[PDB]
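Participant: Quick one: structure below, then a few questions.
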Amino acid sequence: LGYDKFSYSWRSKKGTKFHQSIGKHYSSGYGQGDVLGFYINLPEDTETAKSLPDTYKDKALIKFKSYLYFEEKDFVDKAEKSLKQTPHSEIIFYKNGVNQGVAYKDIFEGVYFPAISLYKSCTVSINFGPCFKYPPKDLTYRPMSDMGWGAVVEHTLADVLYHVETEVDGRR
Amino acid sequence: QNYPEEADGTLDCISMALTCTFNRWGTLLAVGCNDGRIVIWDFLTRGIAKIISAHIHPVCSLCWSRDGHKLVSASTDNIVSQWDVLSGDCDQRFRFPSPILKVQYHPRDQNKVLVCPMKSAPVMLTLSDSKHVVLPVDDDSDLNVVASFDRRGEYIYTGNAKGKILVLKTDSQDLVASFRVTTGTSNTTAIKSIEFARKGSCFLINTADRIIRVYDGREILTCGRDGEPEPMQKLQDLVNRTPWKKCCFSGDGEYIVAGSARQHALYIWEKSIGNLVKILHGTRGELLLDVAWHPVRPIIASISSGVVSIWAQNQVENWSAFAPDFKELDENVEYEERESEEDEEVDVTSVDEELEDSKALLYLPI
Amino acid sequence: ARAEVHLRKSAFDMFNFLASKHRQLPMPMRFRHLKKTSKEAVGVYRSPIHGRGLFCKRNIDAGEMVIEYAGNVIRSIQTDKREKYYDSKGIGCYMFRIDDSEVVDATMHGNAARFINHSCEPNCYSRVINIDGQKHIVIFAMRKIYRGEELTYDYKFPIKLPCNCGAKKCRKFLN
Amino acid sequence: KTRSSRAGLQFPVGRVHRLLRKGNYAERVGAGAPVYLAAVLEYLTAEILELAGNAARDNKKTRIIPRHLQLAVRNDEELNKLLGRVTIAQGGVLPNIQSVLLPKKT
Amino acid sequence: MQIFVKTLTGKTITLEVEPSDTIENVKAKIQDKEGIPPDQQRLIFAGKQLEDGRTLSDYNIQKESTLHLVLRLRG
Amino acid sequence: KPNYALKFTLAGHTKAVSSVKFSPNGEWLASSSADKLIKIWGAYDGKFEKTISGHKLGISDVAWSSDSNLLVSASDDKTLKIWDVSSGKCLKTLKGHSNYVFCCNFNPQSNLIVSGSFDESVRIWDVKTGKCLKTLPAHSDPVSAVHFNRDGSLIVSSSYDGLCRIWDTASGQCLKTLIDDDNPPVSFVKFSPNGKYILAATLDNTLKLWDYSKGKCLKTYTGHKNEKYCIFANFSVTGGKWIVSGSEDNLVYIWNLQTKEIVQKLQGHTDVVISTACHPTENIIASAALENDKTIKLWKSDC
Ligand SMILES: Nc1ncnc2c1ncn2[C@@H]1O[C@H](CSCC[C@H](N)C(=O)O)[C@@H](O)[C@H]1O
Ligand SMILES: [Zn+2]
């Protein structure tokens, strides 16, 4: 985390900020029983660039042995060269409200995924959403594990969701 | 570390080799050849130092001086001579009425050598004025007595040939302590010899009741004139009944080693627990003469029948010692990478325990 | 002669053992032979093909399991930093890729089989088995080993590090 | 008071002495004979059972079937020298095929 | 009171013995102190016999005295 | 200030005086050239003693023992000999090297002898007889300079690679392999009395001092020229705190332990200073140079 501009990190040990294999002694460390707050400060609408693939043959569909798999793959050397900056470009590594300061700035312009980076065997619990502290604001992270007709209709909806493009595409 | 676990070959610079002893930490070997000559071999370096034309009749024992400048030899022809380590000639020459068993130098008094005459009291010969001082003994004066220093040589202990052990001072000769060995169940027992260590003041006693015993050089002056025998462990061999000839103490102060005569059974124990730990596998056919470990490092080296057999710990450093940041090991786990990625004007000038048995000053590179 | 500077200065050598002498049944339970009876049949000596090598003082015929190769098994992300450190310290391409997802690095940890060479006229071929749920690479011979020869296996690289062995069929390259 | 713990062995010593006394092997025996026999039987039993356990964990089965004992005794060479003319009930035989009888083709 | 128990290696240990505490309890305290089993130890006062199933007052040993703890074997 | 003023200019050799060594006893100088001659000269007076000969080709390195009794010379006739200082005869033979002998020194314990040639290895021989003992691979390049430690247990091995190594004498395998990424060719190394530091005269215009305790680069000693030739070095603790080393700008230069200062520049030799020797009990320095100098300058001093 931080090795590339795509990823941003704040080290848990000694609080030494690290990015692109470059380290500066910046803050204090964290760890056991330390809840890391995270509120990416973009309450206002922004603009980013999402998709720009460079390969196509690796994006194919064929039976493996008894089931299909969707080869939806990313690339690297092309994606890194489309790197751009965007609004609210700051991945701040809070400490549950209290913040030591954003370690690194000028984050990559694109869809944001909160990455949790581990280095050895260690467990960690999560709570993400458009809320503040309590997980149950929206539907409490439904797993969609039920036998009723709701599962049937949602599965058929997803089937159609991909069926539209598998019909309008045209298979080689 | 632990007891020696590997085996070494022989060290025969010349065909014959009768006696051997280490100086302080196994520097040079004092071979008394059975031809009237005194040869010095090199230990830990596998060489020779000096050959001395002592006299005609061969010798049977050897020891070196406290300052390392003398080569005392209990001769078989009563030549009590002080051969020089440096030049090889004789410094002091004297004759004793009885031959000598055990020669030693007090690490604090090289003037008074250790002599064990037979059928007569031990005699300290002073090298400063060639004067003989008889050690006062008790009861008989015609017994096979053996005299030996303590760790520091501050008290001298003598063993007789009826069951009596005497304690006196190495220089003042104030015989104020005696001891009577146990009389078995019906019959008494004499003493063959005693042998000391360099730490702990313990000492083994070899007697004629076929059993090796152990005492400490602190319970006789504490008890007074004479008390009741009370050994720690009456060690013995109860499957073959091998007699005992020569046995020394450990190079660490916690082990005990005992030697056979012809059975090639070299036994070892520890002072904490009297349980056998290992036995030596020797090839039958020869008689053991001398045993003495490395006074610091665990190893065994026994001389016998002109040759020497060493059971040792042969060691060569692992290939993974190229550099502290370089290792040659094997693992099946994913690599754990790193997680943390003056001006002064001073010249440079800086360049068991230890006793005083040093300064041999004998080394000839050419 | 202390007054003329001789060439061939840079070496980048690690295993400083180069000398001019070089004086050389079911599956799962065969694990013992790997660790106990596998330390005499092969000696380490100066290879004639290139660099150091594993010469032979014993004989091993066809279809005989010989050595298990072990080293620092890592994922493919560490390959970038590993290659950078190879360029820095002057480290050869020890990227032993058992598969495209796991590679057996041999620059910080490895076994005695780090001493092997490559040639288009080798003596043995590679093989891999699975014991106790773990995939391990063990080599089975096709011919007999003579006294005084070096183990070498074809890398099977489909057709710039040259392969200087001197064999007539030697393609002079890893291909 | 017991007697096996005097040497720390596990095989009984009083039983061995009684059985050797009533076995009329001789008329008078010493004291070290029973302990020595208990010790050597201990060593041999440990030698066999360690390989038995190794073979048990070979096939990942807790119980040791006699096939495991047969394999452990036969594969070793010193045992085969000492257990020369002896068979085992239900023992079976170790796999073996003669070298020259191995067909092959391109 | 207090007495000395001298060992074989040469280390000196000072311990406290009550006037009305039996020797067996002293040995148990020693065993729980440094781990040496009572079967590996016995008391000797200046080359004179001392047993385990007794009490210090039965022997009437003076204070600040040394006892030769001549080493034994397990069992 | 080091006031090393010249007193004697010595020139007896023919080809090139490129090896002069002040032995630890500092009694006589064993001047050598590439003309199979070993001339014994004075130290405080420069008196001519003799010229021991017997070899067939030039010498690459000369050394005397702690007591300056043995004399090792890197004769390129596939053999080496020890020449008696008292008489001047061949004591023992050092046969075994398969090519030109380039490095050879002694042990402060006066019990071991080290030599090296173009067989990617170094060797030792018995002092009493002179037979083959070991063939320890030093590096993959011909070895320029080696020497035992003052405690007689380690050797510092230098070849033209750059990866400086410390080899254990008790086992024959390297202990610390201080690896340089740039891999700068090395010319000479010398043990410190404490046996913790080493001065590897790298051929990159810098005396890269190495500390093999942890594997960290030390300060950068500059102020000279060091690119091609086998530049040696020595200490000087009598008058002050100085470390003398050769330079390829044809001049003799001295620095400090960890200050990186040009404390003294001895001038007068017309060729590249290939060797520097400092007297043990006096502030006397003799520097050997290449073909264009052929002179030995005794820079005597007192403080
Ligand atoms: N003959 C050869 N010439 C050049 N490189 C070789 C080679 N044989 C193997 N290699 C390369 O060297 C790498 C292993 S390191 C070589 C083995 C060891 N260092 C030695 O001294 O022999 C392999 O990745 C292989 O690609
Ligand atoms: Zn080829």
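Please note that chains go A, B, ... in the order of the structure tokens, that every chain numbers its residues from 1, and that ligands are numbered from 1 in the order shown.
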Just want the 7 Å neighbourhood of stretch 224-237 of chain F, counted on only C-alpha atoms, with same-chain residues fewer than 5 positions away dropped. Output as a tab-separated table (two decimals) with C-alpha atoms, in the first residue's frame.

Facilitator:
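Full text of out.tsv as output:
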chain	number	residue	atom	x	y	z
B	347	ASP	CA	44.65	7.47	16.95
C	2	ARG	CA	52.65	-5.47	-9.03
C	3	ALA	CA	53.43	-3.01	-11.85
C	5	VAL	CA	47.25	-3.91	-14.00
F	187	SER	CA	44.38	-3.06	-4.37
F	188	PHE	CA	45.43	-3.45	-0.73
F	201	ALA	CA	42.42	0.69	-1.04
F	203	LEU	CA	40.72	1.60	-7.24
F	204	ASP	CA	38.16	4.40	-7.47
F	205	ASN	CA	40.15	7.42	-6.17
F	206	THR	CA	38.78	6.67	-2.69
F	242	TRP	CA	47.85	9.56	10.76
F	243	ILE	CA	47.17	6.88	8.15
F	244	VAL	CA	49.52	6.90	5.15
F	245	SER	CA	48.40	5.57	1.77
F	246	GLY	CA	49.66	5.60	-1.78
F	247	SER	CA	48.29	7.79	-4.54
F	248	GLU	CA	48.43	7.56	-8.33
F	249	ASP	CA	49.13	11.29	-8.77
F	274	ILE	CA	52.73	2.03	-5.25
F	275	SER	CA	53.57	1.37	-1.58
F	276	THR	CA	53.93	3.27	1.69
F	277	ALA	CA	55.71	2.09	4.85
F	278	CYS	CA	55.93	3.83	8.23

Participant: Return the neighbours of chain F among the residues of chain C, cut-off 6 Å, counting only C-alpha atoms, as a list in words.

Facilitator: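 Those within range of chain F come out as residues 1, 2, 9, 10, 11, 16, 17, 18, 19, 88 and 89 of chain C.
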
Participant: Could you give me the residues within 6 Å of ligand 2, counting only C-alpha atoms and all ligand atoms, as a list in words?

Facilitator: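 Taking only C-alpha atoms and all ligand atoms into account, the residues around ligand 2 at most 6 Å away are residues 164, 165, 166, 167, 168, 170 and 172 of chain C.
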
Participant: May I have the residues from that selection written out with C-alpha atoms, as a CSV table (one decimal), in the first residue's frame?

Facilitator:
chain,number,residue,atom,x,y,z
C,164,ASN,CA,28.4,-21.4,-23.0
C,165,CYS,CA,28.8,-25.2,-22.7
C,166,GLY,CA,30.7,-26.2,-25.8
C,167,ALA,CA,28.4,-29.0,-26.7
C,168,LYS,CA,27.7,-29.5,-30.4
C,170,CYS,CA,24.3,-26.5,-27.4
C,172,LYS,CA,24.4,-21.2,-26.9

Participant: Write out as a VMD selection string which residues come within 12 Å of residue B:2 when counting only C-alpha atoms, dropping same-chain ones fewer than 5 positions away.

Facilitator: chain B and resid 250 to 252 254 to 255 268 to 270 277 to 278 296 to 300 312 to 313

Participant: Step by step, measure atom-to-atom distances between ligand 1 and each residue using only C-alpha atoms and all ligand atoms, keep those at most 6 Å, then write them as a PyMOL selection string.

Facilitator: chain C and resi 49-53+92-94+114-118+161-164

Participant: Suppose we keep N, CA, C and O atoms; can you now write the selection as a short mmCIF file (atom, residue, chain, number, x, y, z; two decimals), in the first residue's frame?

Facilitator:
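Done, and the output landed in part.cif:
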data_model
loop_
_atom_site.label_atom_id
_atom_site.label_comp_id
_atom_site.auth_asym_id
_atom_site.auth_seq_id
_atom_site.Cartn_x
_atom_site.Cartn_y
_atom_site.Cartn_z
N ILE C 49 31.48 -26.35 -17.41
CA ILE C 49 30.57 -25.67 -18.33
C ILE C 49 30.55 -24.17 -18.05
O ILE C 49 30.89 -23.36 -18.92
N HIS C 50 30.16 -23.79 -16.84
CA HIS C 50 30.21 -22.40 -16.41
C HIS C 50 30.10 -22.28 -14.90
O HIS C 50 29.16 -22.81 -14.29
N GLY C 51 31.06 -21.59 -14.28
CA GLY C 51 31.00 -21.36 -12.85
C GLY C 51 31.20 -22.63 -12.05
O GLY C 51 31.97 -23.53 -12.43
N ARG C 52 30.49 -22.72 -10.93
CA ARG C 52 30.59 -23.85 -10.02
C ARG C 52 29.56 -24.92 -10.38
O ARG C 52 28.62 -24.67 -11.13
N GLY C 53 29.77 -26.12 -9.85
CA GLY C 53 28.92 -27.23 -10.21
C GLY C 53 28.89 -28.33 -9.17
O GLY C 53 29.66 -28.35 -8.21
N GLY C 92 22.45 -13.15 -10.01
CA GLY C 92 21.97 -13.82 -11.19
C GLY C 92 20.47 -14.06 -11.14
O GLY C 92 19.79 -13.82 -10.13
N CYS C 93 19.94 -14.54 -12.26
CA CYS C 93 18.50 -14.76 -12.41
C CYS C 93 18.12 -16.08 -11.73
O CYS C 93 17.81 -17.09 -12.36
N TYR C 94 18.13 -16.04 -10.39
CA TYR C 94 17.71 -17.18 -9.58
C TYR C 94 16.20 -17.25 -9.41
O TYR C 94 15.72 -17.89 -8.47
N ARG C 114 21.55 -24.80 -5.53
CA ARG C 114 21.77 -23.50 -6.15
C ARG C 114 23.00 -23.50 -7.06
O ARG C 114 23.32 -22.46 -7.65
N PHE C 115 23.68 -24.64 -7.18
CA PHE C 115 24.98 -24.72 -7.84
C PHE C 115 24.87 -25.29 -9.25
O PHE C 115 25.89 -25.66 -9.84
N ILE C 116 23.66 -25.38 -9.79
CA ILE C 116 23.43 -26.11 -11.03
C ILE C 116 23.73 -25.23 -12.23
O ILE C 116 23.83 -24.00 -12.14
N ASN C 117 23.87 -25.87 -13.39
CA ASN C 117 24.14 -25.19 -14.65
C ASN C 117 23.09 -25.57 -15.68
O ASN C 117 22.18 -26.37 -15.42
N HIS C 118 23.21 -24.98 -16.87
CA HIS C 118 22.27 -25.18 -17.96
C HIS C 118 23.03 -25.48 -19.24
O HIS C 118 24.08 -24.90 -19.51
N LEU C 161 21.28 -13.80 -21.84
CA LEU C 161 22.18 -14.66 -21.09
C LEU C 161 22.65 -15.80 -21.98
O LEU C 161 21.85 -16.70 -22.28
N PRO C 162 23.90 -15.81 -22.42
CA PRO C 162 24.38 -16.92 -23.25
C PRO C 162 24.53 -18.19 -22.44
O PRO C 162 24.66 -18.18 -21.21
N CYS C 163 24.50 -19.32 -23.15
CA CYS C 163 24.70 -20.64 -22.55
C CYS C 163 25.97 -21.22 -23.16
O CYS C 163 25.92 -21.88 -24.20
N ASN C 164 27.11 -20.99 -22.50
CA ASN C 164 28.41 -21.42 -23.02
C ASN C 164 28.77 -22.76 -22.38
O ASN C 164 29.27 -22.82 -21.26
#

Participant: Using only C-alpha atoms, which protein or nucleic acid residues come within 12 Å of stretch 122-125 of chain C? Drop anything in the same chain fewer than 6 positions from it, and give the result as a ChimeraX atom specification.

Facilitator: /C:49,60-67,116,137-146,149-156,165,167,169-170

Participant: Generate a file of the selected residues that holds C-alpha atoms, formatted as a tab-separated table (two decimals), in the first residue's frame.

Facilitator:
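File selection_8.tsv, as written:
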chain	number	residue	atom	x	y	z
C	49	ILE	CA	30.57	-25.67	-18.33
C	60	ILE	CA	22.82	-43.38	-9.85
C	61	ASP	CA	20.88	-45.08	-12.65
C	62	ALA	CA	17.57	-44.40	-14.38
C	63	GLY	CA	14.31	-43.78	-12.54
C	64	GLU	CA	15.98	-43.00	-9.22
C	65	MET	CA	14.74	-40.19	-6.99
C	66	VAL	CA	17.71	-38.01	-6.08
C	67	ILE	CA	17.21	-34.46	-4.72
C	116	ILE	CA	23.43	-26.11	-11.03
C	137	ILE	CA	10.03	-31.11	-6.98
C	138	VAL	CA	12.03	-34.35	-7.08
C	139	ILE	CA	14.19	-35.43	-10.02
C	140	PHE	CA	14.21	-38.94	-11.49
C	141	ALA	CA	17.13	-39.94	-13.68
C	142	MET	CA	16.95	-41.48	-17.14
C	143	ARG	CA	20.52	-42.83	-17.43
C	144	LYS	CA	23.41	-43.84	-15.17
C	145	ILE	CA	25.70	-41.32	-13.47
C	146	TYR	CA	29.42	-41.82	-14.03
C	149	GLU	CA	30.41	-35.77	-14.12
C	150	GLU	CA	28.13	-32.84	-13.27
C	151	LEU	CA	24.36	-32.84	-12.83
C	152	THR	CA	22.53	-30.61	-15.29
C	153	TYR	CA	18.89	-30.39	-16.37
C	154	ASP	CA	17.32	-28.83	-19.45
C	155	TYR	CA	15.50	-25.61	-18.59
C	156	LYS	CA	13.01	-26.23	-21.45
C	165	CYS	CA	28.82	-25.18	-22.67
C	167	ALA	CA	28.35	-29.02	-26.75
C	169	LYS	CA	23.88	-29.39	-29.87
C	170	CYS	CA	24.26	-26.51	-27.38

Participant: At a cut-off of 12 Å, which residues of chain E touch chain D? Count only C-alpha atoms and give the answer as a ChimeraX atom specification.

Facilitator: /E:73-75

Participant: Could you save the residues just selected, with N, CA, C and O atoms, as a CSV table (one decimal), in the first residue's frame?

Facilitator:
chain,number,residue,atom,x,y,z
E,73,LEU,N,22.4,-39.3,45.0
E,73,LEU,CA,21.9,-39.6,43.7
E,73,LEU,C,20.4,-39.8,43.8
E,73,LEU,O,19.8,-40.1,44.9
E,74,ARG,N,19.7,-39.5,42.7
E,74,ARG,CA,18.2,-39.6,42.7
E,74,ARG,C,17.8,-41.0,43.0
E,74,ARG,O,18.4,-42.0,42.5
E,75,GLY,N,16.7,-41.1,43.8
E,75,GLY,CA,16.2,-42.4,44.1
E,75,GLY,C,17.1,-43.2,45.0
E,75,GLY,O,17.1,-44.4,45.0

Participant: Would you mind listing what lies within 10 Å of residue B:114 as a VMD selection string, with only C-alpha atoms counted and same-chain residues fewer than 6 positions away left out?

Facilitator: chain B and resid 63 72 100 to 106 122 to 125 146 to 149 156 170

Participant: Compile the residues of chain C that lie within 12 Å of chain A, evaluated using only C-alpha atoms, and express the compilation as a tab-separated table (two decimals) with N, CA and C atoms, in the first residue's frame.

Facilitator:
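To be explicit, this is the file written out as selection09.tsv:
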chain	number	residue	atom	x	y	z
C	77	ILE	N	4.65	-10.72	-6.72
C	77	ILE	CA	4.81	-9.29	-6.48
C	77	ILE	C	6.24	-8.98	-6.05
C	78	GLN	N	6.84	-9.85	-5.24
C	78	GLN	CA	8.21	-9.63	-4.79
C	78	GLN	C	9.21	-9.74	-5.92
C	80	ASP	N	9.54	-7.90	-8.58
C	80	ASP	CA	10.06	-6.60	-9.00
C	80	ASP	C	11.20	-6.15	-8.09
C	81	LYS	N	10.96	-6.14	-6.78
C	81	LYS	CA	12.00	-5.74	-5.84
C	81	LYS	C	13.16	-6.73	-5.86

Participant: Hey, what does DSSP flag as helix (DSSP H, G or I) within chain D? Can you give it to me as an MDAnalysis selection string?

Facilitator: chainID D and resid 4:6 14:21 32:58 66:75 77:82

Participant: Show which residues sit within 9 Å of residue E:63, as a PyMOL selection string. Count only C-alpha atoms, and ignore same-chain residues fewer than 6 positions away.

Facilitator: chain E and resi 1-3

Participant: If we count only C-alpha atoms and set the cut-off at 6 Å, which residues sit around stretch 37-47 of chain E, ignoring sequence neighbours fewer than 4 positions away in its own chain? Please answer as a ChimeraX atom specification.

Facilitator: /B:222-223,227-228 /E:27,31,67-69,71-74

Participant: Atom CA of residue B:326 and atom CA of residue C:110, how far apart in Å?

Facilitator: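 Going from atom CA of residue C:110 over to atom CA of residue B:326, I get 10.6 Å.
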
Participant: Return as CSV the residues of chain B lying at most 9 Å from chain E, together with the closest atom-to-atom pair for each and the distance in Å to one decimal, counting only C-alpha atoms, with rows in chain order and ascending residue number.

Facilitator:
residue,atom,partner,partner_atom,distance
B:199,CA,E:9,CA,7.6
B:200,CA,E:9,CA,4.6
B:201,CA,E:9,CA,7.6
B:202,CA,E:8,CA,7.1
B:215,CA,E:70,CA,8.6
B:216,CA,E:8,CA,6.9
B:219,CA,E:46,CA,6.6
B:220,CA,E:47,CA,7.7
B:221,CA,E:46,CA,8.8
B:222,CA,E:46,CA,5.6
B:223,CA,E:46,CA,3.9
B:224,CA,E:46,CA,7.5
B:226,CA,E:47,CA,8.2
B:227,CA,E:47,CA,5.1
B:228,CA,E:47,CA,5.4
B:229,CA,E:47,CA,7.0
B:230,CA,E:47,CA,7.2
B:231,CA,E:70,CA,7.0
B:232,CA,E:71,CA,4.7
B:233,CA,E:72,CA,6.4
B:253,CA,E:9,CA,7.9
B:254,CA,E:9,CA,8.1
B:271,CA,E:71,CA,8.0
B:272,CA,E:71,CA,7.5
B:273,CA,E:73,CA,5.8
B:274,CA,E:73,CA,5.8
B:275,CA,E:73,CA,8.1

Participant: Return the neighbours of chain B among the residues of chain F, cut-off 10 Å, counting only C-alpha atoms, as a PDB file with C-alpha atoms, in the first residue's frame.

Facilitator:
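File produced: selection.pdb:
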ATOM      1  CA  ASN F  69      63.093 -13.407  10.946  1.00  0.00           C
ATOM      2  CA  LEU F  70      61.160 -14.978   8.071  1.00  0.00           C
ATOM      3  CA  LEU F  91      65.384 -21.707   4.103  1.00  0.00           C
ATOM      4  CA  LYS F  92      62.219 -23.439   2.866  1.00  0.00           C
ATOM      5  CA  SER F 110      54.902 -16.049  13.488  1.00  0.00           C
ATOM      6  CA  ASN F 111      53.300 -19.466  13.008  1.00  0.00           C
ATOM      7  CA  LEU F 112      51.595 -19.210   9.588  1.00  0.00           C
ATOM      8  CA  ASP F 126      54.417 -25.268   6.970  1.00  0.00           C
ATOM      9  CA  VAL F 127      57.094 -23.029   8.457  1.00  0.00           C
ATOM     10  CA  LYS F 128      59.478 -25.815   9.508  1.00  0.00           C
ATOM     11  CA  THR F 129      59.297 -27.785   6.237  1.00  0.00           C
ATOM     12  CA  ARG F 150      47.129  -8.832  14.773  1.00  0.00           C
ATOM     13  CA  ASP F 151      45.461 -11.514  16.923  1.00  0.00           C
ATOM     14  CA  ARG F 165      35.841 -10.527   2.378  1.00  0.00           C
ATOM     15  CA  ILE F 166      37.119 -11.630   5.778  1.00  0.00           C
ATOM     16  CA  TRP F 167      38.186 -15.284   5.825  1.00  0.00           C
ATOM     17  CA  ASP F 168      38.422 -17.281   9.041  1.00  0.00           C
ATOM     18  CA  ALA F 170      40.417 -21.574  11.877  1.00  0.00           C
ATOM     19  CA  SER F 171      38.058 -22.977   9.215  1.00  0.00           C
ATOM     20  CA  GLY F 172      39.073 -21.538   5.837  1.00  0.00           C
ATOM     21  CA  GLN F 173      35.635 -20.079   5.055  1.00  0.00           C
ATOM     22  CA  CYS F 174      34.702 -16.411   4.802  1.00  0.00           C
ATOM     23  CA  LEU F 175      33.111 -14.696   7.804  1.00  0.00           C
ATOM     24  CA  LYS F 176      31.930 -11.319   6.461  1.00  0.00           C
ATOM     25  CA  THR F 177      31.357 -10.690   2.747  1.00  0.00           C
ATOM     26  CA  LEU F 178      30.943  -6.907   2.543  1.00  0.00           C
ATOM     27  CA  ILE F 179      29.393  -6.602  -0.898  1.00  0.00           C
ATOM     28  CA  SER F 192      43.721  -2.795  12.456  1.00  0.00           C
ATOM     29  CA  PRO F 193      45.269  -3.828  15.798  1.00  0.00           C
ATOM     30  CA  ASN F 194      41.801  -4.407  17.283  1.00  0.00           C
ATOM     31  CA  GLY F 195      40.776  -6.587  14.329  1.00  0.00           C
ATOM     32  CA  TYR F 212      32.731  -5.608   9.065  1.00  0.00           C
ATOM     33  CA  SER F 213      30.837  -5.413  12.370  1.00  0.00           C
ATOM     34  CA  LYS F 214      27.400  -4.693  10.869  1.00  0.00           C
ATOM     35  CA  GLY F 215      27.853  -4.193   7.116  1.00  0.00           C
ATOM     36  CA  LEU F 218      31.980   4.222   6.342  1.00  0.00           C
ATOM     37  CA  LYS F 219      33.144   7.732   5.441  1.00  0.00           C
ATOM     38  CA  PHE F 235      49.479   3.484   9.917  1.00  0.00           C
ATOM     39  CA  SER F 236      51.410   6.203  11.765  1.00  0.00           C
ATOM     40  CA  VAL F 237      50.705   6.699  15.477  1.00  0.00           C
ATOM     41  CA  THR F 238      54.141   7.765  16.740  1.00  0.00           C
ATOM     42  CA  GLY F 240      50.388  11.964  15.780  1.00  0.00           C
ATOM     43  CA  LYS F 241      47.223  10.320  14.426  1.00  0.00           C
ATOM     44  CA  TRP F 242      47.855   9.564  10.758  1.00  0.00           C
ATOM     45  CA  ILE F 243      47.175   6.876   8.147  1.00  0.00           C
ATOM     46  CA  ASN F 256      43.225  10.847   9.437  1.00  0.00           C
ATOM     47  CA  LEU F 257      41.253   8.001  11.005  1.00  0.00           C
ATOM     48  CA  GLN F 258      37.762   9.482  10.655  1.00  0.00           C
ATOM     49  CA  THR F 259      38.254  13.193   9.853  1.00  0.00           C
ATOM     50  CA  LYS F 260      38.946  12.959   6.080  1.00  0.00           C
ATOM     51  CA  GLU F 261      41.749  15.528   6.006  1.00  0.00           C
TER      52      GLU F 261
END

Participant: Counting only C-alpha atoms, which residues of chain B come no farther than 12 Å from chain A, as a VMD selection string?

Facilitator: chain B and resid 333 to 341

Participant: Suppose you want the space between atom CA of residue C:132 and atom CA of residue C:26; what is it in Å?

Facilitator: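 Going from atom CA of residue C:132 over to atom CA of residue C:26 covers 13.0 Å.
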
Participant: Mind dumping a table of every chain B residue within 6 Å of chain C, with the nearest atom pair and its distance in Å to one decimal, using only C-alpha atoms, sorted by chain and rising number, as CSV?

Facilitator:
residue,atom,partner,partner_atom,distance
B:327,CA,C:109,CA,5.8
B:328,CA,C:109,CA,4.9
B:329,CA,C:109,CA,5.0
B:330,CA,C:110,CA,5.3
B:331,CA,C:72,CA,5.9
B:332,CA,C:73,CA,6.0
B:334,CA,C:74,CA,4.8
B:335,CA,C:74,CA,5.9

Participant: Taking N, CA, C and O atoms for each residue, export the selection above as a short mmCIF file (atom, residue, chain, number, x, y, z; two decimals), in the first residue's frame.

Facilitator:
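Just written: part-v7.cif:
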data_model
loop_
_atom_site.label_atom_id
_atom_site.label_comp_id
_atom_site.auth_asym_id
_atom_site.auth_seq_id
_atom_site.Cartn_x
_atom_site.Cartn_y
_atom_site.Cartn_z
N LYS B 327 22.43 -15.71 4.20
CA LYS B 327 22.14 -17.00 4.79
C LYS B 327 21.80 -18.01 3.70
O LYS B 327 21.29 -17.65 2.63
N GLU B 328 22.08 -19.28 3.97
CA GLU B 328 21.90 -20.37 3.02
C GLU B 328 20.98 -21.44 3.59
O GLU B 328 21.28 -22.64 3.51
N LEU B 329 19.86 -21.03 4.17
CA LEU B 329 18.93 -21.95 4.81
C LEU B 329 17.77 -22.29 3.88
O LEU B 329 17.66 -21.77 2.77
N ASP B 330 16.92 -23.20 4.35
CA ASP B 330 15.76 -23.67 3.61
C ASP B 330 14.49 -23.38 4.41
O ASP B 330 14.43 -23.67 5.61
N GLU B 331 13.48 -22.83 3.74
CA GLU B 331 12.18 -22.62 4.34
C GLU B 331 11.11 -22.73 3.27
O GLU B 331 11.39 -22.56 2.08
N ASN B 332 9.89 -23.02 3.70
CA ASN B 332 8.75 -23.11 2.79
C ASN B 332 7.71 -22.03 3.04
O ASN B 332 6.60 -22.12 2.51
N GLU B 334 6.46 -17.90 2.92
CA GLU B 334 6.68 -16.71 2.12
C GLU B 334 7.65 -15.77 2.82
O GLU B 334 7.64 -15.65 4.05
N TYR B 335 8.50 -15.12 2.03
CA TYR B 335 9.54 -14.26 2.59
C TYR B 335 8.93 -13.09 3.35
O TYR B 335 7.99 -12.45 2.88
#
